[PDB]
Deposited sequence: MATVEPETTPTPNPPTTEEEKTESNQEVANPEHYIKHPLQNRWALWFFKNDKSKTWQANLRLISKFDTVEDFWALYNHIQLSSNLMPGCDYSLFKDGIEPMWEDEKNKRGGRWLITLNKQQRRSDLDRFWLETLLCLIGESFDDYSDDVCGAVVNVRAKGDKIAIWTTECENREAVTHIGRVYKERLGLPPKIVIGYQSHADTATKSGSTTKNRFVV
């Protein structure tokens, strides 16, 4: 018997193929709701550090689209980790896997319901990881998610990460931890 996750999750992949549509390029790879199917997917899909520039991974709860305009997203925002090229070695894959584990393990406890998903953007000018939440005015939820996520990643006190409302998105910060 498999070990159930609290939620059902969807993994999306965007390929950066310039001779294709964006509908073509954006693929829902798989949905899973057990520990065992998570690892089967993770272990047999490409590492982030190996994607071409412009590719994304998004893990979202079943029935939230990885689009800021989604009902569950439009009012929310994201906690942004920005990585430069020196951390594409040490941090990208580690931070992504830790992010995925935060989501599927429900590491934000009583403020789990505010989490929508998470996205990694591989870009030529430095990668991005973000945790997407549902409502930017829920200060207690957003900030708790922020502190727990930043602790989980082991970022040093010298690194301050910001939360932007999707409707704002340089972009101003509503919250910093």
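Q: Please give the gaps, as residue ranges numbered from 1 in the deposited sequence, where no C-alpha is present.
A: Comparing the full sequence with the modelled residues, the uncovered ranges come out as 1-34, 204-209.
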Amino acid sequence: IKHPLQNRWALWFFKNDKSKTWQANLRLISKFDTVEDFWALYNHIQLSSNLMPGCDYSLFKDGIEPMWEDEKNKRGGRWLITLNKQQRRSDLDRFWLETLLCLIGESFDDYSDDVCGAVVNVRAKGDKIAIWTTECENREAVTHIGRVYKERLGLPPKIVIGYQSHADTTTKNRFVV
From here on, numbers count along this sequence of modelled residues.
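We call the rigid core the largest set of C-alpha positions that still match within 1.5 Å between the two forms.
Q: With everything overlaid on the rigid core, name the stretch, 42-50 or 106-114, whose CA atoms wander farther on average in 7 other deposited structures of this protein.
A: Most displaced of the pair in 7 other deposited structures of this protein: 42-50.
Q: Comparing against the shown form in 7 other deposited structures of this protein, which stretch has the larger RMS C-alpha deviation after a rigid core superposition, 21-29 or 5-13?
A: Checking 21-29 against 5-13 in 7 other deposited structures of this protein, I find the farther stretch is 21-29.
Q: Do at least a third of the other entries of this protein fail to model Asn173?
A: In none of the comparable entries (those modelling both sides of it) is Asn173 left without coordinates.
Q: So which stretch wins on mean C-alpha B-factor, 22-30 or 110-118?
A: Per the deposited B-factors, the answer is 22-30.
Q: Would 65-73 or 125-133 have the larger average of its C-alpha temperature factors, as given in the entry?
A: Between 125-133 and 65-73, it is 65-73 that shows the higher mean C-alpha B-factor.
Q: Comparing against every modelled residue in the chain, figure out the third that the C-alpha B-factor of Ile161 lands in (lowest, middle or highest).
A: According to the entry, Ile161 has a C-alpha B-factor in the chain's lowest third.
Q: Thinking about Cα B factors across the chain, which third does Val35 belong to?
A: As the PDB entry reports it, the C-alpha B-factor of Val35 lands in the lowest third of its chain.
Q: Ordered by C-alpha B-factor within the chain, which third holds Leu59? Give me lowest, middle or highest, please.
A: It falls in the bottom third of the chain.
Q: Quick check for you: using the entry's CA B-factors within this chain, is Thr99 in the lowest, middle or highest third?
A: CA B-factor rank for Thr99: lowest third.
Q: For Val142, does the deposited CA B-factor place it in the lowest, middle or highest third of the chain?
A: Ranked within chain, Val142 CA B lands in the lowest tercile.
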